[PDB]
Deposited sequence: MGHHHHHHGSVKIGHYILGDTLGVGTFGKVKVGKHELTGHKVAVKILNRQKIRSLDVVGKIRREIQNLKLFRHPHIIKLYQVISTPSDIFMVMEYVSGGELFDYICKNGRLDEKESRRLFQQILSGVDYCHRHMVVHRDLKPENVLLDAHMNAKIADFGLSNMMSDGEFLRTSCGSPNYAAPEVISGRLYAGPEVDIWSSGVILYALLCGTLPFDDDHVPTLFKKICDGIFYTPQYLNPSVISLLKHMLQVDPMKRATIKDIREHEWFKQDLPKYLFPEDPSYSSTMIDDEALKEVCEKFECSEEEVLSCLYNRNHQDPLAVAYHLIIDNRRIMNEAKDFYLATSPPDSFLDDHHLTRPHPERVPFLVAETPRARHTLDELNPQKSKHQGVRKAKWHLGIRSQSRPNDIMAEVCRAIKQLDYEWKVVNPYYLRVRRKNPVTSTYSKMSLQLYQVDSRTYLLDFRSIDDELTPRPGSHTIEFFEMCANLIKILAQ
């Protein structure tokens, strides 16, 4: 007998994923082709990603977009998890560029629109891919782009940054190879800039066989622009490939760019009762704020100081990290708990900064205001540290 799951007959190996291997499969009746990702349960247990796998499955299951690979079904067995996904016969974009060379301006634009459309859709759903690269962009028989392999992806949470180094060095943003924290949509945009370059030039903008040189080239943001490149798209590349993440193009910026707007299909980007209400709403010297509290003093000094002041106010805390504390205060009136996170950051060599972040409560209707209780909790500590 053949290897058969959910009426699909398991064929040739397409490649190897973070877990297991991805294989082609063919329906015993219709001959329909799918891509089956095999996840070994004892392997996902070894490095404990089990929750990280469960959230990827939840998210990808809901995703419906023409330029993202669809997840049809997840089939569970005692030993293994099988992810049945849509199959596209064209293979990696990377292989396509290797064999056929650079794509002309119109074809590059057409593909780059489809891809960015997918990236945007992910971001609108609070998912960052982080592995974007031509090897992870597949093609169907008609040369439509399909984003695949969300194995390195992550969900964006309110007030949270990501420290995880991810993806290939060639497609990673200067902040990612530098190990710094990031929000994450700006990282997908940097990678998308590298993909755009690859489409237009048939080469990578940052590449060196010497790894320290490659990292410097990336953090410098310097790359070669061939003579045959449209000055218009060069400006778009310059914006997407900005080293400074605050200066780097957003998806809104790219949609407004003239080179991107040419020939743009209407279906690609989203822009009944819920839509109408939103339209109605839209139709209808100074003080200088600053973040947290700063001290020119030393990091071990300022950490000891906070813990002392936390204890003084009867608060309780967990040291999750040397510089990251989780605090829980009992409220005398409501007899409830109010939680906040403390993190120290380095502003410059001589200065450090303590950050206060509110933690959302578990509770159903309860007395008093969460936002205010959060303020009062910080206020008490700040008075001491001021």
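Which segments of the deposited sequence lack C-alpha coordinates in the modelled structure, numbering from residue 1?
Counting from residue 1, the stretches without coordinates are 1 to 8, 280 to 327, 341 to 391, 494.
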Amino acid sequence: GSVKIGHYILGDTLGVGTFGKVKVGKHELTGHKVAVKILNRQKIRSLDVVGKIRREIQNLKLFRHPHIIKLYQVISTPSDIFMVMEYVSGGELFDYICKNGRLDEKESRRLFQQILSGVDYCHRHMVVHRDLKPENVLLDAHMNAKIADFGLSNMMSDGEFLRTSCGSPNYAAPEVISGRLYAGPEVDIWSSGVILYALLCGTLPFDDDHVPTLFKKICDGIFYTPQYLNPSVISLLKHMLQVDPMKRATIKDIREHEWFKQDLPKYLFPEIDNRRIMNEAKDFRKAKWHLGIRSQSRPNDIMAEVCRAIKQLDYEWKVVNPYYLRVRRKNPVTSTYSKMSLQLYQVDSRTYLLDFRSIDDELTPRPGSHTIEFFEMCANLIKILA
From here on, numbers count along this sequence of modelled residues.
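Checking the other entries of this protein that model its neighbours, is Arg276 missing in at least a third?
Counting only entries that model residues on both sides, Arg276 is unresolved in at least a third of them.
Coordinates for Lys261 lacking in at least a third of the other PDB entries compared?
Result for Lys261: never missing in the compared entries.
Quick one: say whether 298 to 306 or 193 to 201 has the higher mean Cα B-factor in the deposited entry.
Taking the mean B-factor of the alpha carbons in each, 298 to 306 is higher.
When the C-alpha temperature factors are averaged for each of 241 to 249 and 112 to 120, which stretch ends up with the higher value in the entry?
Stretch with the greater average CA B-factor: 241 to 249.
Per the entry's Cα B factor values, which of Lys282, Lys266, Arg180, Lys261 stands out as the maximum?
Top of the list by C-alpha B-factor: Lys282.
Of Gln58, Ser358, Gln42, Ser335, which one's C-alpha B factor is largest in the deposited record?
The listed residue with the largest C-alpha B-factor is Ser335.
Considering every modelled residue of the chain and its Cα B-factor in the PDB entry, is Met85 in the lowest, middle or highest third?
Its C-alpha B-factor belongs to the lowest third of this chain's values.
Select lowest, middle or highest to describe the third in which the CA B-factor of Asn100 falls within its chain in this entry.
It belongs to the lowest third of the chain when residues are ordered by C-alpha B-factor.
Would you mind ranking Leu14 by its C-alpha B-factor against the rest of the chain and naming the third, lowest, middle or highest?
It belongs to the lowest third of the chain when residues are ordered by C-alpha B-factor.
Taking the values exactly as deposited, rank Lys23 by C-alpha B-factor within its chain and report the matching third: lowest, middle or highest.
Lowest third of the chain for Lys23's C-alpha B-factor.
How does the C-alpha B factor of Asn274 compare with the rest of the chain: lowest, middle or highest third?
It belongs to the highest third of the chain when residues are ordered by C-alpha B-factor.
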